[PDB]
Amino acid sequence: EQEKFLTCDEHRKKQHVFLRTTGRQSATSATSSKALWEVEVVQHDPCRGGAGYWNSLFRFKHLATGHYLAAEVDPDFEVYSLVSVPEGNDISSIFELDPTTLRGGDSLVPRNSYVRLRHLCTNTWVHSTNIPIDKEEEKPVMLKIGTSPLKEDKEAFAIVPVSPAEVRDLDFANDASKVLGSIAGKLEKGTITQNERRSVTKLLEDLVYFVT
Amino acid sequence: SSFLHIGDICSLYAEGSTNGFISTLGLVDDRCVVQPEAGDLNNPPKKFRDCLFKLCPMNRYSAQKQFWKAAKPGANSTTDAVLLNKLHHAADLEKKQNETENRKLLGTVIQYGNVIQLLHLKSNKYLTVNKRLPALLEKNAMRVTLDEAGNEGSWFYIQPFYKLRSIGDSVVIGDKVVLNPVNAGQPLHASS
Amino acid sequence: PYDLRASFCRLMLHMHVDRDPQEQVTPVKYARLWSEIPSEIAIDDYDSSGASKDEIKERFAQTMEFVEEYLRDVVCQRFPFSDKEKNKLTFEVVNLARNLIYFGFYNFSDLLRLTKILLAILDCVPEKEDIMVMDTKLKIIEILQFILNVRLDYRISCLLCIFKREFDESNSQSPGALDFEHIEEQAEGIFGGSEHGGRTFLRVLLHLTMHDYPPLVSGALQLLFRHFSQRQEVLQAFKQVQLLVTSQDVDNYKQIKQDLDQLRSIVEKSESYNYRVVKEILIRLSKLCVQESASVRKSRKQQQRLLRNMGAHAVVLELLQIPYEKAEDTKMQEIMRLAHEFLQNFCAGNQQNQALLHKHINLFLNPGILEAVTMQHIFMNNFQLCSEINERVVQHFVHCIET
Amino acid sequence: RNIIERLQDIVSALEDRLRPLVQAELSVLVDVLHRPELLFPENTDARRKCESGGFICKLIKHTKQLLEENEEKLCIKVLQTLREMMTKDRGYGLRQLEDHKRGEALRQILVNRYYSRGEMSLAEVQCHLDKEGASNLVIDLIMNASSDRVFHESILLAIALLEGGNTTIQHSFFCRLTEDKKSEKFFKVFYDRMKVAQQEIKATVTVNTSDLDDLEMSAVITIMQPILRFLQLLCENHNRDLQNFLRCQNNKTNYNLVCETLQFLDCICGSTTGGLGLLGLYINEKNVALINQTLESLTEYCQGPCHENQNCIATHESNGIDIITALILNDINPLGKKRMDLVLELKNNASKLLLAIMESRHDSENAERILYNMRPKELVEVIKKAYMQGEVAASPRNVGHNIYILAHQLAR
Amino acid sequence: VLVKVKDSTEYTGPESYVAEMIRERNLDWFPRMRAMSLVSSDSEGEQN
């Protein structure tokens, strides 16, 4: 019902949730650097992953940074408060999912279905808490999420996909930004070689046909 | 397969401001009543048979409304053995073809945005509403009643309380929906 | 360099008019101050050369014969066309003429004699051509649109004057069929009567009509259709034009004209500047309708009650339809009570507006609590309206007593 | 106070000139749009290419683009001018004769001030107007129609354009509608407007008088007289390709206009009630002009014997064949002076439609669907209908001959 | 005679085809070696 969740930075890496706004009903884009996740299946060996089967023990990895999705016991007041862990072979980051519609044992999850997320290590269901992460500044954009051990149809995340033609553009933009950031400093401290002068010219030529 | 069909026998539960099953006090009376103290999903009331309803398709009250309006003389008092008789025959036969086509829809998955025609099993009376006279205990957007005849205005739109589902999606067992009549345009409400 | 003078004329257009003494004027004005103007010919210029005083005539006069001289030059020695950078100056002098006429700074014969020279530039007879000569062609199209709209005022004023002269020259006034055999010499005399561009008006107009680089041809077809059947709009202008008041008061009517035309924006929409002004404007129009309440309310009520039959009953009644419906106690609950208060106070006169609004009685059906007092103060004492009610409302109210 | 008493007479003595403006607009526009190029300079360079039949073409390609902007009055004035040009039997070069002679005198004055002519007939002016693209104008004007007055004038112009069996311009309508991938909008504009009109008759005007200056119809029901006329003229002669395209368009979504037309015919005159008995309560002097039109429109869908439209009418879900059967068997309850000379045409058109359904089939199912309703009393029906001739085209004996032919076809 | 006497409009489907076959010269709309009372139905093939 509400909006799309992500992870960002306020003081440290804080997995704030939904970044509240108005609208955004699966049609408009969001901050695609932070709102994009990568799904992988465990498959008992580090390679070979693919083809989830409604009981496949999924794991979600952020795309901007190599942080996973996990839950740990909240040091704050009240197994709660989904956070981001740096490295992800542990059992604390294994999530499993069940349909809102009719069930299935293995039925080729059809790329757009609605999903309720269930945690594995503690059998607990995710739920949207309305309290904000940042309590210091007015009209706070950062909201919290949590996990509650009873199941309800209020919270049911949707799996809306992005085609490869947009993640390729995001990768191209990141690489072009890195190359420009290197060459700007290289020309700022001192001179450059003619090979660097030729490399930035074709990239600046490529950016025009990129945008048009 | 865990869907809701035409011909199922369900039990509507209220939750929100007030909780409880929708019952009906008495059988000579035609008032629909919820009560919170009777019970919840964990344990239903002892007189649970009162709270059952049956899912029914469209019934067309076209010649019946004409016959009921003609058989009630306002100021003309024109009773005819050749006009009201064939009007009664027309209403009877269209009621017959109305009930004999509900058996053809006896197994059919309903979707959101359909007409639902609730029928009380104990009283054999449809759950109806009419837009012209208000409630007894309150003013301002009228009560609902029951009658045997199948009043025009017993049609209800089934609409989702959640935006997980949409119009055309099938209705599964156990979800929370909202019911509003087609010609009253106000959702059915459990008061306090 | 001849573009410098174009810059000088661009500066001229924005300096001579400080817009403090002169504002925008319409030529098709109505609701006259009980005008008994005599009947003359087109060179009369009924009041004066201009509406204002003489401080804005002689200073602009030299510019007037200079623009006339430039038009009388471009008509003849620029006969094929002038693509040698003259088009900028022709554009700007045409724009200056267009901006000076809209303050009405001509006599009637002045623009009627300007028309013949003005239409003689156009008769000098896809790959993209210069769009600025297209802009000046659009500019001369809408100056032609303006100059024909004051001819309608000439016709309406002189026809009203002559056919009231034929009234009062043989009158029972302190009959009308005497001039009925003079209709055959005036109705075809002021419009037709063969032997004001004439026979050449259609040629240049069609020539611009199939010439289609900008959308100027929309306006070209507009005055094409407006030229033929001028009788339709001049007769509907007759039927709407005259709102004579015995009292020589225009500001009281002008408030009604300003208010009722303002409600046109609250016809297709309601949302939220409209809520801050609709209550106040019904208060204003109601207090102006209920004026002289301590008097007998016969003469002083009628002397705008007649005037508000033409536009005040077909504004508030469809507002009462109000498609934006919220059933809760909101900020629209006080709007409709003022509307019902007006419907008491507007139709507290005689049987005229009673019979006027009696045929829209089918939209006061359901509530019986707030719209019921309206019918209490509609059928108050009349005889010719309280005897023809068919059995479709009163029995509905009988059943509305129950339930 | 006498001002108010006198300007009513003044405006009456002005509006008595209501006809000279009509004759000064219509003829004076249509003659100059018929011959727009003469006396211009009378030259060769700048005029011979501007009109080779390409001035009205210029106007109609331009005026299709001004619906999206304001001032829809100009568009409907263009439409009514083209429609007044489009018709014929008017404008050829004691209150009914002096007006005509002074009108022709005044238009003669205007044409001699404004002026080997090729005389144009109606059968070729339609082709001339279509060849420059007048079919495209209406077919795009009601596909993207914004106002409500635009639609009515556009379908009136289309009706005046077709005007019988002009198959040279029905080819334009067919050869546009099967392309551009958005004609489903074109069919949707008809389908929803005919769907909402049959809802308005089931709610507002649904009365009967159980007893022994007019209630004029709504603008959504009276609008279907030109809708049904335009659908009838679209398959006028027989038009094999356009008789199936009104039933299935082979698009992503398909609207069956034959089925909903029969639904409208069923609901306008007592659905499910007239087929068993009384139906004269739903029939009166202001309703027959639309029932005749829809009967003729369903007659045109089946002739040129496409076997799909005949199965659609007889065997669809809302059984409307029971009421086109009913009104030739039983008599209409009200009888009057202007009732016999309308019930004759009504029964004649119904019998013609029933003959059109059984044209050449040799198929049992559609015959027994017809035969399921009545008992075999067609013989006593035609006997009574033949002895109704005894007390003395649309004549009483030919109707019974039509039912006799139908019963002969059903007897096998 | 019926084809060549009537209105030239308001007549039905097959009559219009026959009238089209009369104005142009050819006359192969007659049944030349076939009677339609000698044909039979097929059920074995449809069963197959």
# chains A, B, ... in the order shown; residues from 1 in each chain; ligands from 1
$ residues_around --residues "segment 17-25 of chain E" --least-positions-apart "2" --cutoff "12 Å" --atoms "only C-alpha atoms" --output "number ranges by chain"
D: 237-238, 303-305; E: 1-9, 11-15, 27-30
$ interface_residues --of "chain B" --to "chain C" --cutoff "8 Å" --atoms "only C-alpha atoms" --output "list in words"
residues 132, 133 and 134 of chain B
$ write_last_selection --atoms "C-alpha atoms" --output "compact mmCIF listing (two decimals), in the first residue's frame"
# COMPACT_ATOMS: atom_id res chain seq x y z
CA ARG B 132 -35.48 6.46 1.02
CA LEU B 133 -36.10 5.94 4.71
CA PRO B 134 -33.47 6.45 7.44
$ atom_distance --atom1 "atom CA of residue 257 of chain D" --atom2 "atom CA of residue 296 of chain D"
14.7 Å
$ atom_distance --atom1 "atom CA of residue 91 of chain D" --atom2 "atom CA of residue 77 of chain D"
19.1 Å
